[PDB]
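J.: fold the following for me, if possible:
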Amino acid sequence: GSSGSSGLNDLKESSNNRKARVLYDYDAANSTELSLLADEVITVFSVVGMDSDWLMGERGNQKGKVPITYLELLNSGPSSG
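T.: Numbers count the residues shown, from 1 in each chain. Shown next is the structure:
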């Protein structure tokens, strides 16, 4: 249980997070942590207080701490066309 909670009725997709590809399938030990798979890119973002070796990953309508050592921040810009 406790897999989400509805608040208000508003549609606004305004967020600026980072994206990285997983190098190996990780297994979260606790709730705070999230499970990661191999060859999968998720939304990573740093949160106040959080650690440097851990980012905020969002997968399966869930959020937790993800090990940067397992994530490879894909540093690549778009292709102006």
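J.: on the three-state scheme, residue 69 is what?
T.: helix (DSSP: H, G, I helix; E, B strand; the rest coil).
J.: give me the buried positions along stretch 67-74.
T.: If you call a residue buried by 16 or more other Cβ atoms under 10 Å, then stretch 67-74 has these buried ones: 67-68, 70-71. All C-beta spots, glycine's among them, are computed from the backbone N, C-alpha and C.
J.: just the CA atoms of that stretch, as CSV, please.
T.: What follows is stretch 67-74, C-alpha atoms only, in CSV (Å, rounded to 0.1, in the frame of the first residue of the first chain):
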residue,chain,number,x,y,z
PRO,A,67,23.6,4.9,-6.7
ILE,A,68,25.4,7.2,-9.2
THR,A,69,28.1,4.5,-9.5
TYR,A,70,25.4,2.5,-11.4
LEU,A,71,24.1,5.5,-13.4
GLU,A,72,25.9,7.0,-16.3
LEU,A,73,24.7,10.6,-16.7
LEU,A,74,24.3,10.8,-20.5
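J.: let's check: the centremost residue of this protein is which one?
T.: residue 57 (1.8 Å; Cα atoms, centre = their mean).
J.: just give the nearest non-adjacent residue to it, would you?
T.: residue 66 (3.6 Å; Cβ to Cβ, 6 or more residues apart in numbering).
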